[PDB]
Structure formats: structure tokens, C-alpha cells
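Laid out below as C-alpha cells are two forms of one and the same protein chain, each shown alone and named structure 1 and structure 2.
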Structure 1
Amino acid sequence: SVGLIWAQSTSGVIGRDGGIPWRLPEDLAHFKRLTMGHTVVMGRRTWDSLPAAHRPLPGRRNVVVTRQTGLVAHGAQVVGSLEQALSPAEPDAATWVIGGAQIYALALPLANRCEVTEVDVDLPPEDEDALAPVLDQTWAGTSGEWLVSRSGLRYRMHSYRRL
């Protein structure tokens, strides 16, 4: 099982300026609950975007997809392709692809599940933004109710499974 997990604004922005242009603690908790104890696969930009307190992501096997020989920032296992990231895999569990846009595009054809957090923040896309992948007719989804964060932002979760 290969799952994509991401958070996006309603407009479909996932990234800006090498980071994420909102703060939503409830989504961080959701992300940790779904990924704890599992392998997480990310693109190298996302690895370099992690604040030092969160790099590597604790309690997870951190796999970084890069074309470079290796990385200056410690704690990752580097691989040269998504296929190398995904095999061998943890039994009875999902391997989670955790971004960013380039790595989501690589993984989308291989994925069985998507776990999306939608954040109701008004973020018209800007020219260098990373955008969420668009899902096609091979996905069936369900959506949770709108929730209110302690910061006042509304958010909700969507879950998709391959037909």
C-alpha cells in the first residue's frame, strides 16, 4: 500500500517560498497519527524545508528522493528514484508519500490511497506556488465534516481510495 498524504488550501496551494503558507496544529496532529511508526517518502526540497526540530521526522523511517549523491542535513536515507524508495516495504501498513509536488507527481500513478486535509484559508495561487495534485476518475473519495481549529481556521479531511 502506497498512500499520498497532503494538506492544501481550498484553492489547491500546498507550498510557497519553500514552506507551507498556513499554520494548522490539528493537521500536524493528524499527520503524525497517520504516519507514526511508518516509512515516509519525501522529495529533497521537502527534507530541506523541515525545521531542525522535525528533521528527521521522529518515529518514522525518513526516505528522501534526490538525484544527488547524498545530503548535508543528517537523518535521511537517500534514494535515487521512487521505486527504490518503495521496495522493500513495511508489511500490513502503508508507505506514506509526504510531498512535495514533484514527489506527489511521481507517486500518484503508484498510489492506492490519498489522505487530504483541506484548509479554508484564502490563498490565491502565486506564481511560484506548489499546487496539489489533481485526482482523476480512478479515485473514489469520502469527506469529513468541517471542523474549527483553535486558531479559527476551518478545515476538513478527505480520503480517497483507488477504484
Structure 2
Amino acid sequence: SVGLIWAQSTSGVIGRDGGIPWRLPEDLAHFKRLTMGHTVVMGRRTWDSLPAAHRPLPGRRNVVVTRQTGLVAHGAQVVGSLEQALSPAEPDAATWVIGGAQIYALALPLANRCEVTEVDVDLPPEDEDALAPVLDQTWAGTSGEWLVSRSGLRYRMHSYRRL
């Protein structure tokens, strides 16, 4: 099973200025809970975005997709395409594609599940933003309730599966 997992603003923004343009501890916890013990596949720019205490992501097999064959990525496995990332020598029962926008677009046709956090925050898109994929009629989903973060932001989780 190949799943995508992302958090987006209402407007679809997932990334800005090399990071994520809001804070939501409850979503970071959700991400850690769903991915721990599994393979996490990410694009090189997402690898570059991980803070030092979170690089590599602990307790997960980190796989980084790049065209730069000689990339130095200590703690991760470097691969040259998304297809390579999804064709491990050691299979994993659960593989999660964890971003960013470029890799989500490539992974969506190969995936059967998306776990999406919607964040109740108004962020008009800016020119260099990374944006979430859009789920068409081949996907169907179920929504959790609106939840209130300690910080004040509200958020809700959606679980989509391929029809």
C-alpha cells in the first residue's frame, strides 16, 4: 500500500519559503503516529526542509528522491526516481509519500490512500508556494470532526481511498 500524507491550508498551500507557513503541533503528532515504523519517501527539497532534530526522521526508513546521483543524505537512502523509491530491495507493508508538491504529483497515480489534514487558516497563494494535489472523482473520502488545537488553530483530518 502506497499512501500520501500532507497538511494543507484551505487554499491548498503546503509549503512556503522552504518550510510550512503555519504551526500545528497536533498535525505533526498525527504525522508521526501514522508514519512511525514505516518507509517515508520524500523529494529532495522536503529532505532539505527537515530541521536538524528531525533529519533523518527517527524510527522510519527515509528515502530521498533526487536527480543528483551524488547527493549526500546521511541517514537516508538516495534514489533516482519515485519508481525506484517504490521498488525497494526490502519490501515494506506500508510506504508513505510525505511530500513535497513535486513528488505528490508523481505519486498520486500510484497511490491508493491519502491522509489529508485541512488547517483552518487563510493563506492566499504566493508565487513560489508549494501546493497540494487535487483529488478527483477516482478518490472518495471521509472526514473527521473539526478539532481545536491548543495554539488556537482548528484542523480536521480527511481519509481518502481510491475507488
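Counting starts at 1 and follows the sequence of structure 1. By rigid core we mean the largest C-alpha set that fits within 1.5 Å across both forms.
Core-superposed comparison between the two structures: the C-alpha position of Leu71 differs by no less than 2 Å. Core superposition places the Cα of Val134 0.6 Å apart between the two structures. The two forms line up on their rigid core, and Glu83 then has its Cα shifted by 1.0 Å between the two structures. Superposing the rigid core and comparing between the two structures gives a CA shift of 2.0 Å at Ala94.
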